[PDB]
Structure formats: C-alpha cells, structure tokens
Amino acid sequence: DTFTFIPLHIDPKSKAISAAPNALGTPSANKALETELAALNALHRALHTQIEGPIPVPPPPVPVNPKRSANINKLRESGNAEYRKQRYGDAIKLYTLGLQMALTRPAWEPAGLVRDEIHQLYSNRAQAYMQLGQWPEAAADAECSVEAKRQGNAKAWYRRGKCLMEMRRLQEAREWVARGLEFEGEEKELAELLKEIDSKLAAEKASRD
C-alpha cells in the first residue's frame, strides 16, 4: 500500500512477534528488525505488568505515584546511616540497591525524576567509594552524577576532580574542574580544588626543567 510490508508471525499465549525467514533481504535490515521486535515485545510485557490502572495505556507522566520514590528515599537514608557509622561497604550495597530501583522505573514515567534520584545516589556512592580509597569507581559514579545533573551539582564535579588528581590524571582534573565552574553550583570549593590542581601542575614540572 503506502508502506513497506513485513511478514510477521504471532505466538498465541506468548503474545510475541516473530520475524519471517529473511523478511527484508539484508542482514543489517533484518538485525535491526529483530532488535526492534525485541523492544516491541518487551514493551508489551511492560504494559501488561506495570499498568496498575484499568485502562491499558500509560497514564500521563506528570502525576506520578510516589511509592517508588519513597522506597528509594528509605534505602538512601539507610545508606547514609550506614555511612555515618563509618562502615562504608554496606552503605555502598544500599546505595547500589537505590540506584537499581531508581533505574528500573517505568520508561514512560518522568525521566527527569530518574535523573534527580540517580544523581544524588551516584554522588553519595561515589563519596563512599573514595572513603575506601577505591578511586576509579568513585570517579565513575561521580561522572554518572554529573551526567544526570550537570548544573547545581558542584559536589559531583569536585568529587570526580579529586578522584582524578588522586590517580595522577592532573590535566584531565584541571580541565574537568575548569569546565565544572562554568556550570554554576557553589563555586569556592571547586575554586580551592582548582587552585590546588594548577599549583600542583606548576610545581610538578617546574622540577622537570
């Protein structure tokens, strides 16, 4: 008709959509078809098992069921409590649970909410990591934090910055903190960090010459 037809198969009970044998004629096109069909079936299961209301379509995103957020808060403060008591690994497991539950929120629910929650949890777990001196993973988590929330998140920038300088990536740290100051949260801790970085950079290779 006015579109490119694709022969498909349907599994009754399973409700799943299968691709016909070589439906499109191209390995690329066929693989793309297979991945898309995978996403389709996954979405179908999602709609079937995660819509609590009687209408079988996703409710508008802006009024959000606050249960999940509340649980995430609980495990967050659980992690914080385990942090103040200075046993960090447990706090890390808890923070991890928080990230997992936050990232498994239905995709049709507000992504910005996800960004908020995972930004804070990522920053917290990062700090907990750099308490145990495990720098790379901490820098990773802090980077994820900044990726989720770029502005008004100076602590994350700072934390990845110090992680970077701790593992002797001084230039990367310099530029990272430098750009982190352009997006604006509170400044002067990032400023202190930067002054330490470029002072250490001057001192480092004043001794090379």
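Quick note: we count residues from 1 along the sequence shown, nothing fancier.
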Can you tell me which stretch has the higher mean Cα B-factor, 100 to 108 or 80 to 88? 80 to 88
Output the stretch having the higher mean C-alpha B factor in the entry; the candidates are 180 to 188 and 54 to 62. 180 to 188
Considering every modelled residue of the chain and its Cα B-factor in the PDB entry, is residue 145 in the lowest, middle or highest third? lowest
Could you look up the Cα B-factor of residue 29 in the entry and say which third of the chain it sits in: lowest, middle or highest? highest
